[PDB]
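Scroll down for the structure; my scribbles are underneath it.
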Amino acid sequence: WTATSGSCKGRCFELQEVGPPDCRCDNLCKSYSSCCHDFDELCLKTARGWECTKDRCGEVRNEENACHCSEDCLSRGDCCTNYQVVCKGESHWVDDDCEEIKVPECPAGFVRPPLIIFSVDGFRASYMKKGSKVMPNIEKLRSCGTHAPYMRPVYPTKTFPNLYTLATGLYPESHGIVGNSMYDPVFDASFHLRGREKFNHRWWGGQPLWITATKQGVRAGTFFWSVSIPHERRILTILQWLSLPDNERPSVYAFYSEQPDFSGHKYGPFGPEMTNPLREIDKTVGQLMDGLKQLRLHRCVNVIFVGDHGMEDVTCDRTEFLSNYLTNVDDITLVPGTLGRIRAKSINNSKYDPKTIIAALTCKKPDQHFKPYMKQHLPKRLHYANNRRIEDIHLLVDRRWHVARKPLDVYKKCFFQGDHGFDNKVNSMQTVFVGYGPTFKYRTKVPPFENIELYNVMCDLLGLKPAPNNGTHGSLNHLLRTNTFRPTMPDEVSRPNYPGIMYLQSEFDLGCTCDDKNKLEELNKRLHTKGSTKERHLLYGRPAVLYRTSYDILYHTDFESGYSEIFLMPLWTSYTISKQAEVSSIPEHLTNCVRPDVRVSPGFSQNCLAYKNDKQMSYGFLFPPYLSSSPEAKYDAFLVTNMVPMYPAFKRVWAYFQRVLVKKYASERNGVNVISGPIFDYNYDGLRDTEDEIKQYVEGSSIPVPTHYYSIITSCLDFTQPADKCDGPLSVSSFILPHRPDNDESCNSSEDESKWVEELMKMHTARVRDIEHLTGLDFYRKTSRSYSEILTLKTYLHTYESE
Ligand SMILES: *[C@@H]1O[C@H](CO)[C@@H](O[C@@H]2O[C@H](CO)[C@@H](O[C@@H]3O[C@H](CO[C@H]4O[C@H](CO)[C@@H](O)[C@H](O[C@H]5O[C@H](CO)[C@@H](O)[C@H](O)[C@@H]5O[C@H]5O[C@H](CO)[C@@H](O)[C@H](O)[C@@H]5O)[C@@H]4O)[C@@H](O)[C@H](O[C@H]4O[C@H](CO)[C@@H](O)[C@H](O)[C@@H]4O[C@H]4O[C@H](CO)[C@@H](O)[C@H](O)[C@@H]4O)[C@@H]3O)[C@H](O)[C@H]2NC(C)=O)[C@H](O)[C@H]1NC(C)=O
Ligand SMILES: [Ca+2]
Ligand SMILES: [Ca+2]
Ligand code: NA
Ligand code: NA
Ligand SMILES: [Zn+2]
């Protein structure tokens with residue numbers, strides 16, 4: 001209950017929110033049913049519209065009007081945004097030549113340049129080019145400021161997950177807003193687009209920018225706007241707040257537009273109807289920039305023009321129905337549309353079985369347009385699993401499609417032609433970023449980057465310390481003229497041992513066998529074991545181990561490794577393959593060869609008997625025997641210290657990557673450096689498991705089974721230089737392949753590996769940073785490059801989408 005008969009007199013769009021049941025005058029009052037009786041009359045004035053005309057110039061102030069054209073309006077801070085243009089012979093901001101803003105040019109009493117976030121819903125990245133003729137204000141921000149060709153949203157590419165990621169720097173799994181609709185089984189409560197539960201603070205985790213600002217003494221304007229407040233009034237309210245006295249004036253502001261998303265749903269991303277919504281958004285930008293210019297703030301404020309996600313062509317006829325796959329469709333609840341999430345309809349049903357639902361959904365139809373996953377098997381790049389609000393069963397829907405439970409859900413709900421929510425690497429889901437202002441660079445293009453990075457930068461722009469988040473602070477320093485954040489490399493926590501030869505062959509009883517059999521070249525083999533080829537194979541220094549553990553560096557002719565005495569296998573294995581390298585096979589006599597490593601005790605080694613006994617598990621090697629530099633060097637590849645546990649189904653993938661794809665990449669990239677290793681993430685939190693979290697071992701042993709295997713593949717960005725003699729910037733691609741006992745994920749897996757393996761690997765593309773979280777390792781410690789540049793490289797994601 002709100003006693004809605006106090007008054008908004010003088011309080012319109014007040015910044016502090018008053019406590020119930022005294023009535024409210026802030027932009028949230030509408031959605032709470034709590035506005036004072038006179039809120040519309042006083043606060044939502046519309047008389048005479050939003051623009052000055054020639055006859056209004058110098059008028060007598062009429063407090064009824066939406067905005068003013070009277071001589072007193074500038075000092076009141078409430079002129080129509082075109083006032084100086086119509087009445088004072090000034091130009092529109094968009095008609096001025098752009099001039100570098102080398103320093104903030106701010107009115108006296110401004111402690112820092114304000115930040116304005118101008119967010120546009122559903123603004124697909126290609127609109128910047130495709131709509132540029134009808135968006136002159138946006139085009140000027142873009143060409144004159146700092147822009148990316150696109151910005152990658154988070155998954156799912158829905159509104160609330162992405163806007164809250166913008167505000168927090170967090171993955172949806174960590175901030176808690178994991179979709180537009182959610183069931184939280186601890187609360188036993190549902191979050192919906194329509195309704196009131198969604199305002200409850202228990203849904204919203206992390207620390208959003210407005211809270212980070214307030215805690216640190218920086219005042220914030222509201223970020224939420226009630227849908228019924230017109231855009232012109234939102235802009236005028238921001239401009240009014242900017243005219244407050246110093247002690248009262250916010251430093252950070254947000255504008256939000258529901259367009260072009262709203263129309264894109266109805267007409268598709270490029271429907272002819274889409275031109276008008278784009279013109280209208282450009283006009284609003286024009287109003288803001290003209291307003292800033294009037295207030296002498298247009299070379300003082302940092303403006304961020306940013307979208308939450310793009311928009312794809314989707315219609316009703318492109319819907320798959322679970323009723324065509326499942327007998328038991330009435331015992332499930334589906335969250336439907338551009339992603340699927342499945343749970344039991346009733347928690348009393350103990351005949352509900354996720355295993356049988358997954359199987360009934362797997363490769364059942366020749367062109368099936370969704371793929372089911374247990375959430376922990378989703379590509380790790382999605383970071384979409386560690387939250388009780390994310391259902392165990394997930395469906396990744398192909399772009400352009402929907403999933404629904406039954407056909408009646410679709411026609412008792414064709415309306416629409418656009419939708420979004422798909423995999424965040426899909427081109428149609430990409431969105432926009434432009435930064436314009438004294439703190440951003442002038443006329444500068446930056447590579448595409450992820451929206452999880454922006455929180456840190458907005459904190460930098462406001463002199464705030466960011467709360468802990470998923471950005472990599474410093475990775476976007478190249479966007480900024482100043483206020484850079486100068487990170488330092490983390491300290492290594494564990495230093496390696498460098499074992500020499502310490503064990504005789506007969507001390508080992510591992511049940512392994514190998515068919516293995518000159519003074520000049522004897523010194524040669526010794527030098528290799530001490531590290532003589534290490535500068536060839538370890539190009540960027542050894543990775544640093546950032547947790548407490550016991551490990552050995554092991555050197556070889558063809559590869560170097562960091563061998564974990566605790567996990568009984570390398571944490572990492574590093575090797576370089578030049579353009580000229582040759583692929584050989586595993587000779588017949590060496591097919592089943594595993595060799596004890598006389599540097600590493602029996603007690604800290606794997607054994608072959610464990611693999612013999614484990615009928616499900618086989619093994620592979622991290623440095624591949626196929627790429628040995630010579631027949632004699634090939635023996636090193638069969639050391640028990642190079643062996644890792646692999647399901648036979650996974651070995652099909654691994655053997656093809658190692659025999660075919662590494663050489664292909666070296667040919668294409670002019671040499672590659674490869675770092676490969678295991679990952680253990682049994683609790684799917686995206687973070688390295690400790691030893692007491694491992695759920696599975698090679699039967700009868702303490703050999704832990706990896707959940708995933710990674711590789712980081714680096715070469716010279718200037719491919720005219722070989723990987724091992726690179727003078728400048730690096731180029732990287734990486735993957736984190738799920739270590740699965742079947743290839744059910746790949747529907748064409750009965751075919752030759754040349755038809756499906758590389759497709760699987762692309763799906764599981766990764767950032768080096770993702771691998772760092774999963775392993776507690778820190779790569780690229782010794783390069784010629786600046787640390788911020790290396791941070792950008794570590795956040796790079798190779799997407800395999802075309803242009
Ligand atoms: C992306 O960036 C984020 C942010 O940096 C990273 O997330 C952090 O990861 C840490 C490790 O997982 C985690 O640290 C834990 O903090 C616990 C205290 O947590 C509360 O306080 C913080 C601080 O204000 C708050 O942010 C938390 O908010 C979470 O939970 C609320 C309410 O549930 C949600 O509203 C919110 O959305 C958020 O949820 C997310 O995180 C939680 C985990 O905290 C998940 O469960 C959710 O699914 C969701 O993803 C909290 O309110 C603290 O309790 C932990 O301490 C345990 O472990 C340490 C190890 O050092 C040990 O010393 C202790 O023994 C202790 O164990 C005890 O509890 C165990 C479990 O019950 C039990 O088994 C033991 O026997 C013990 O009793 C731990 O230190 C940190 O909170 C989050 N922060 C956030 C915001 O998520 C994230 O990792 C990054 N992602 C990647 C891939 O890099
Ligand atoms: Ca949206
Ligand atoms: Ca983990
Ligand atoms: Na076996
Ligand atoms: Na298959
Ligand atoms: Zn939408």
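Start at 1 with the first residue, then count along the sequence. Numbering of ligands and ligand atoms starts at 1, following listing order.
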ask   = Does some non-hydrogen atom of the protein lie less than 4.0 angstrom from atom 57 (C) of ligand 1?
value = no
request  = Could you tell me whether atom 46 (O) of ligand 1 has a protein heavy atom closer than 4.0 Å?
outcome  = no
ask   = When only distance counts, is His383 in polar contact with ligand 1, meaning an N/O pair under 3.5 Å?
value = no
ask   = Got a sec: is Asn162 within less than 3.0 Å of the Ca ion (ligand 2) via an N/O/S atom?
value = no
task = Using a strict cut-off of 4.0 Å, indicate which atoms of ligand 1 neighbour a heavy atom of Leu170.
result = 2 (O), 3 (C), 4 (C)
ask   = Can you tell me if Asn683 has an N, O or S atom under 3.0 Å away from the Ca ion (ligand 3)?
value = yes
task = Note the single closest protein heavy atom to atom 12 (O) of ligand 1, along with its residue, its atom name and the distance in Å.
result = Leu687 CD1, 4.1 Å
ask   = What part of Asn469, side chain, backbone, both or neither, has a heavy atom within less than 4.0 angstrom of ligand 1?
value = backbone
ask   = Would you say atom 64 (C) of ligand 1 touches the protein, meaning some protein heavy atom is under 4.0 Å from it?
value = no
key: atom 10 (C) of ligand 1 touched by protein (heavy atom, under 4.0 Å)   = no
request  = Output the list of atoms in ligand 1 that are nearer than 4.0 Å to some heavy atom of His175, sorted by atom number.
outcome  = 37 (O)
query = What about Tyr171: any of its N or O atoms under 3.5 Å from an N or O on ligand 1?
reply = no
ask   = Rounded to 10 degrees, what angle sits at the Ca ion (ligand 2) between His309 NE2 and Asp308 OD2?
value = 100°
task = Could you point out which residue of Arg343, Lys198, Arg388 forms a salt bridge (charged side-chain N to carboxylate O under 4.0 Å, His left out) with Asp184?
result = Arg388
message = Please name the atom of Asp121, limited to N, O or S, that comes nearest to the Ca ion (ligand 2).
response = OD1
inquiry  = I need the nearest protein heavy-atom contact for atom 6 (C) of ligand 1: residue, atom name and distance, please.
reply    = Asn470 ND2, 4.2 Å
task = Check whether any side-chain heavy atom of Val335 sits under 4.5 Å from a side-chain heavy atom of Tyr183, and report yes or no.
result = no
query = So do the side chains of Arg279 and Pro277 get within less than 4.5 Å of each other, counting heavy atoms only?
reply = no
request  = Using a cut-off of strictly less than 3.0 Å, determine whether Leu687 has an N/O/S atom near the Ca ion (ligand 3).
outcome  = yes
key: Identity of the N, O or S atom of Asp685 lying closest to the Ca ion (ligand 3)   = OD1
Min N/O separation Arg388 to ligand 1 under 3.5 Å = no
task = Considering only protein heavy atoms, determine whether one is less than 4.0 Å from atom 4 (C) of ligand 1.
result = yes
note = Exactly one candidate in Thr707, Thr765, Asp681 meets side chain to side chain donor-acceptor pair (under 3.5 Å) with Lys380; the answer is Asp681
query = For ligand 1, which atoms sit closer than 4.0 Å to a heavy atom of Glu173?
reply = 49 (C), 50 (O)
Verify atom 1 (C) of ligand 1: protein non-hydrogen atom under 4.0 angstrom away = yes
task = Look at the N, O or S atoms of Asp681, main chain and side chain alike, and state whether any lies under 3.0 Å from the Ca ion (ligand 3).
result = yes
ask   = What protein heavy atom is closest to atom 48 (O) of ligand 1, reported as residue, atom name and distance in Å?
value = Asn386 O, 2.9 Å
query = What do the steps show when you test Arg318 against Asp419 for salt bridge (charged side-chain N to carboxylate O under 4.0 Å, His left out), and what is the final call?
reply = CA-CA 12 Å; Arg318 297 194 290 269; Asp419 204 356; over 6 Å; no
message = I'd like to know if the side chain of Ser475 reaches the main chain of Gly471, judged simply by a donor and an acceptor atom lying under 3.5 Å from each other, with no hydrogens or angles considered.
response = no
note = Filtering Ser174, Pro172, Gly205, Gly471 for the heavy atom nearest atom 38 (C) of ligand 1 leaves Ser174
request  = Find out whether the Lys NZ or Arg CZ of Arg202 is both under 6.0 angstrom from the six-membered ring centre of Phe191 and within 45° of the ring's axis.
outcome  = no
request  = Check the angle between the aromatic planes of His309 and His420 and answer parallel, tilted or perpendicular using the 30° and 60° thresholds.
outcome  = parallel
ask   = So, the side chain of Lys266 versus the backbone of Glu273: is there a donor-acceptor pair under 3.5 Å, distance only?
value = no
key: Presence of salt bridge, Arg769 and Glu453, under 4.0 angstrom   = no
ask   = Does the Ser132 side chain pair with the main chain of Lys129, one donor and one acceptor, at a distance under 3.5 Å?
value = yes
message = We want to know whether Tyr682 and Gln376 form a side-chain donor-acceptor pair, criterion being a heavy-atom distance below 3.5 angstrom.
response = no
ask   = For ligand 1, which atoms sit closer than 4.0 Å to a heavy atom of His773?
value = 94 (O)
query = Is there side-chain contact between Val705 and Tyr697, with heavy atoms separated by less than 4.5 Å?
reply = no
ask   = Is the closest protein non-hydrogen atom to atom 36 (C) of ligand 1 under 4.0 Å?
value = yes
key: Test item: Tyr684 side-chain N/O and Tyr384 main-chain N/O as donor-acceptor pair under 3.5 Å   = no
ask   = Any side-chain heavy atom of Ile771 sitting closer than 4.5 Å to one from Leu777?
value = no
task = Restricting to N/O/S, name the atom of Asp689 that gets closest to the Ca ion (ligand 3).
result = OD1
ask   = Does the ring of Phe433 carry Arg142 above it, NZ/CZ under 6.0 angstrom from centre and within 45° of its axis?
value = no
key: Per-atom contact, atom 91 (N) of ligand 1, protein heavy atoms, under 4.0 angstrom   = yes
